[PDB]
Each structure stands twice: as structure tokens, then as C-alpha cells.
Amino acid sequence: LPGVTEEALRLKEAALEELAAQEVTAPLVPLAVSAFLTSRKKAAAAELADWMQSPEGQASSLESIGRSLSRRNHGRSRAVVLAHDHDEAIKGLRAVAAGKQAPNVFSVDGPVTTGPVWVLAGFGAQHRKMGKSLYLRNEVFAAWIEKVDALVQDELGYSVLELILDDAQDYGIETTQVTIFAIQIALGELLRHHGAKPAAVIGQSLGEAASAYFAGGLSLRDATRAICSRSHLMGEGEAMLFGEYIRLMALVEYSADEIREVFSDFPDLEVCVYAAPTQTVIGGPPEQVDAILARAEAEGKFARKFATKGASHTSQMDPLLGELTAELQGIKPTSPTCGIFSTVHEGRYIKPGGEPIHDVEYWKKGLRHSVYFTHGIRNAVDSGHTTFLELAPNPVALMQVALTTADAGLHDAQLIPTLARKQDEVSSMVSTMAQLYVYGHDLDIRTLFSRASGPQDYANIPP
Ligand SMILES: *[C@@H](O)[C@H](CCCCCCCCCCCCCC)C(=O)O
């Protein structure tokens, strides 16, 4: 396998140079508090805040306090205050104490019943600097990026890391896919590193490759093969599209049943994505695409044309299917080591230990056919899931998950983002992991702090 390219090393040197010269912002510190009883939890938050108001407490670094907190027994009733300084922490703890809500405070009476679903989508989520910050500041994250970087170099001949590190480089159809995949793989292994794991995975479109890997349905290598193949064929295919060959994609706020109706006016439109229960992404000849939009606006419905000259998940894709078959020959579909809600196979569930689904044909069917995303999520809700965690550079899919959950009578779900444009990426992950903790999912909160060197790494937190 190829190593990290000299150009990446150069860009990295310059990135760390830029980084060294920034004003140093206060880290986000997760402060855990638990008990068998909420009432005990509440009072413990009270004592802890009281003491933090005191000189001894005021003299103890938030980090040292959180470290000690992370070493207590973690009860059924859990809370986390996310804080940058003592005041934020004290204010936050008062909330926990009063049982009141606040943005930086999470507090639940008992652990969530069922394990989390990992949502891996990616469309719409890309942005200039995605994953650069976390790449420079998290070794685990970084090591995983470099592993996908190396594999993509092998399959395609270029370095995804270079794209991440180079502020002047923007993303196209092909490079979005492989890079968002890189970030997805890396976020999920970071999450695994801290002891977290998915109960089930669901893929959306682009994200199906990462979902396959995390569900243990394919090795990293083959999953990389899967995203690489589709990406370049799609990216190279759409660049060649002009005039009468062009096919647009567009989100319209119509349900599946509204579409059956609406479509009788447009004979060449197809469904790309059933995104939400009244949000559908369609595709076809640009005049028809323009007309379904015009008629959406004439009804006060949301409608958004995508930046592309070709429609994935439509008949247009047929000519690619042959080369796709050939380029994926040899991949080894394995048996899922967790649940998969397959949005390719109509949102249906596959059981851990079930038969392999990720065969060459699956990728062929994935690209050709509709993405049943709202049905997947609905399936998940119905069978008990309430925690949906999205591995993305921007939590765009959670916006869809929200509409499906609400529609299904689940009015409070645990919708957990990861990275977000214009949010600190380290703070982001600390918050993700804090949530997993508070809802009582697997997460070794001890790992959010480094091994203590001396006794100053601890705090005299009240009994
Ligand atoms: C899912 O997120 C993702 C959607 C990305 C949109 C890319 C546009 C599709 C490209 C069209 C290629 C034209 C090929 C030429 C045929 C002759 C997805 O991967 O589906």
C-alpha cells in the first residue's frame, strides 16, 4: 500500500503551522454525574456545583474534575454538563439540579431501551474544510483517514488527504463521495475506539459503502472498492452529459402517494430518494423536472434543484452497470455483525448473523434503484429504535430522520450529530460521545480523558 504523499506532508506542515498560530480556545469538557435515582443524581449535581463555587473547586482545572467524575460508577440515571469554564459548568449543574433544560446539558431518568442506529448518508453534507480540523487534532481520526487515503490512492491514483488539507481545493461529484466515505469510516472507528458501537446501520445513497463496512458486511478494502467504482463512473459520466442527455435531480415536498398522482403529468420522471414522509427526490428530463418544481411552488411546497447534470437512482444509470460489475469482481460479501436497515432492499431489516447482502448485484441495484430512506427509518422506529446517530461532516440526514420519527408518533428521538460545518470538530465529537453516555449506550467515558500523570490530574470532588 502507498504511504502518505509528499504533497500531503507539505500541506500538513503548513496546516499545523497555521494551527500553532491561532488563539487557543478553551476545550469542551464533559462532566458526568449519575446515580440509581434521579433525586440522588439531582442532589449530587447540587453538591458538585456548590463545591465548584469554592476556592478549592475554583482552583481545580475542569479537566481534572471531569477525569475524577468519569471514574465514578455510572448509574441508571445519567447527566452530562458540557462546559468550557467553571461558570458554564456551575450554571449547567444548577440546571441538572433543578431538572431544567439547557443546550449544553443532557439529563435522562434511565437508559434508552434499544441500541443506536448509525445513519450513513452524505449527500448535501460536503464543505470546503470538512474533517481537516479533526484530522490535525485527533490521532485516532487521523490514522483512519490515512488508511482510507492509502486505499483510495490504490484504487484511483490520488490522495483524499490532500483534498482535506488543501483549503483551495473544493469537491466534485466523485471526490465528495470518496472523501465523505473517508470521514465516515474515520468517525465510526473513532467512536468504536471510545467503546461505542452500532446496534444497526442504515445507508443513504452515497453512504451505503460505509454502512456496509460498519455493519461488517464488507471489509474496508472492498467497501472502498464499492465507493471508488461508483464515484468515478458517476463523476466521469455526468461530466460528459450535454443537451438532450442531461437529467436533473430535485427535492420536492410531495409524499410517495402524492407522487403516484403528480407523475401522471410527467411521464419521464423517476423517484431517486424517498427522503422523508413528504419529501421525495425525483429525476428526469430537465423540462419535466422544472415543471414539477414550478407546480410545487404553485402550491407553496418546498422544492430544490440539485447541482448535477445526471440523475442517479434512475434508468439513466444503465450504461454504467456493466463497468460497475467488472470493477467490483472479487469483493467478498460477509455476514452482518449488526442489524442493517437496507434502503436498497426497500427499508427491510437484516439480522446480525444473517445472510450476506453486499454482493456485486447489491451495488448494481443500489445505483439503479430508488433509495428507501424514510421506510428504513420508519422500520427502525416501529421495531423500537429511538437513538439515531449520524456520521457526517454535516448532519443533513438527521433533518430527514426527524420528520420520519415525528410522523411515526415518536416525538422525542435521540438524534445525535457528529461533525458540523462552522462547529469546532473536537467539541463536536466530545458532545456526540457525551450523548451516547447519557442515554446509557456503550461508551467508555473514561476514554474522554487521558491517563492521569499525577494527583493534579484529579480533583477533590465531593463523595
Ligand atoms: C447519494 O447521496 C448519491 C447522490 C449524488 C448525486 C450525484 C449525481 C449523479 C451523477 C449522475 C451520473 C451520470 C452518469 C451518466 C450516464 C450516461 C448517490 O451516489 O446516489
Side-chain angles (χ1 to χ4, degrees), residues 119-127 130 170-184 201-212 223-251 268-276 279-286 289 304-325 327-328 342-345 358 362-374 376-377 390-398 400-401:
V119 183
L120 288 98
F123 192 77
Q126 73 268 340
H127 59 97
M130 63 183 192
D170 209 77
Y171 292 92
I173 285 170
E174 178 190 329
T175 59
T176 303
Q177 291 190 33
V178 298
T179 309
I180 286 186
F181 170 83
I183 296 177
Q184 272 173 344
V201 298
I202 192 178
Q204 193 197 76
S205 175
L206 181 149
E208 200 63 41
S211 86
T224 297
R225 289 231 266 146
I227 194 82
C228 282
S229 297
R230 69 193 301 290
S231 297
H232 86 99
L233 293 168
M234 297 171 62
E236 285 154 23
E238 92 91 45
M240 280 178 152
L241 287 175
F242 304 92
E244 202 72 16
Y245 291 99
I246 294 178
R247 293 283 180 286
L248 312 180
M249 305 181 73
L251 176 58
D268 297 317
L269 293 191
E270 293 173 44
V271 175
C272 307
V273 187
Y274 297 107
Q279 287 182 9
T280 307
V281 173
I282 58 88
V289 174
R304 194 211 223 271
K305 191 188 282 199
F306 299 156
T308 176
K309 295 158 89 207
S312 68
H313 313 292
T314 75
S315 39
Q316 187 174 41
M317 232 79 294
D318 279 2
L320 308 198
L321 269 33
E323 283 191 70
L324 192 60
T325 298
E327 284 171 49
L328 296 172
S342 169
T343 61
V344 175
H345 296 338
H358 301 287
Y362 187 80
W363 301 108
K364 278 163 69 165
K365 185 197 159 161
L367 187 57
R368 221 346 285 273
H369 293 277
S370 284
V371 179
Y372 294 75
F373 186 74
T374 185
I377 297 291
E390 217 222 314
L391 293 80
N394 251 334
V396 61
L398 276 185
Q400 283 106 77
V401 174

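For ligands, and for the atoms within them, numbers begin at 1 and follow the listed sequence. Hydrogens, waters and symmetry mates are skipped; everything else that's a heavy atom, side chains included, is used. In this chain, numbering begins with 1 at the start of the sequence shown.
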For the pair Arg225 and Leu328, evaluate side chain to side chain contact (heavy atoms under 4.5 Å, CB included) and give the outcome as yes or no after the intermediate values. CA-CA 7 Å; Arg225 289 231 266 146; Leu328 296 172; 4.2 Å; yes

For [X], atoms of ligand 1 separated by under 4.0 Å from a heavy atom:
| X | value |
| --- | --- |
| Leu241 | 13 (C), 15 (C) |
| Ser312 | 4 (C), 9 (C), 18 (C), 20 (O) |
| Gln316 | 16 (C), 17 (C) |
| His313 | 18 (C), 20 (O) |

For the residue pair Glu270 / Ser315, report whether a side-chain donor-acceptor contact shorter than 3.5 Å exists. yes

Polar contact flag, side-chain donor to acceptor under 3.5 angstrom, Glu327-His232: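 A pair is found: one side chain offers a donor N or O, the other an acceptor, under 3.5 Å apart.
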
Could you establish whether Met317 and ligand 1 come within less than 4.0 Å of each other, counting only heavy atoms on the residue side?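 The answer is yes, since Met317 has a heavy atom less than 4.0 Å from ligand 1.
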
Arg230 to ligand 1, any heavy atom closer than 4.0 Å: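 Right, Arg230 reaches ligand 1.
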
Min side-chain heavy-atom separation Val289-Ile282 under 4.5 Å: yes

State, with a plain yes or no, whether a side-chain heavy atom of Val281 is found less than 4.5 Å away from one of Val271.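 Result no, sub-4.5 Å side-chain heavy-atom pair not found.
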
Tell me the contacting part of [X] for ligand 1: side chain, backbone, both, or neither, using a 4.0 Å heavy-atom threshold, strictly below.
| X | value |
| --- | --- |
| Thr176 | neither |
| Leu206 | both |
| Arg247 | neither |

In terms of residue, atom name and distance, what is the protein heavy atom nearest to [atom]?
| atom | result |
| --- | --- |
| atom 6 (C) of ligand 1 | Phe123 CE1, 3.7 Å |
| atom 7 (C) of ligand 1 | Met234 CE, 4.0 Å |
| atom 8 (C) of ligand 1 | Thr308 OG1, 3.4 Å |
| atom 4 (C) of ligand 1 | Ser205 OG, 3.5 Å |

Decide whether an N or O pair under 3.5 Å exists between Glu238 and ligand 1. no

Please work out which of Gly310, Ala397, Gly235, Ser231 has its closest non-hydrogen atom nearest to atom 9 (C) of ligand 1. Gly310

Taking the six-membered ring for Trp, are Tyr372 and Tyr274 closer than 6.0 Å centroid to centroid? yes

Applying ring-ring contact (aromatic ring centres under 6.0 Å, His included), can you list everything that pairs with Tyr171, at least two apart in sequence or on another chain?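 Testing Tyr171 for ring-ring contact (aromatic ring centres under 6.0 Å, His included), a comparison that skips the adjacent residues, returns none.
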
Set out, in order, the CA-CA distance, both residues' side-chain angles and the distance that settles side chain to side chain contact (heavy atoms under 4.5 Å, CB included) for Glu208 and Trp363, then state yes or no. CA-CA 9 Å; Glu208 200 63 41; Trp363 301 108; 3.6 Å; yes

Taking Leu324 as the fixed residue, which of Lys364, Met234, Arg368, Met317 is the one that meets the side-chain contact (heavy atoms from CB on, under 4.5 Å) rule?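 Single side-chain contact (heavy atoms from CB on, under 4.5 Å) partner of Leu324 among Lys364, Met234, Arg368, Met317: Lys364.
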
Step by step, work out the side chain to side chain contact (heavy atoms under 4.5 Å, CB included) result for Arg247 and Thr314. CA-CA 9 Å; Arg247 293 283 180 286; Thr314 75; 5.6 Å; no

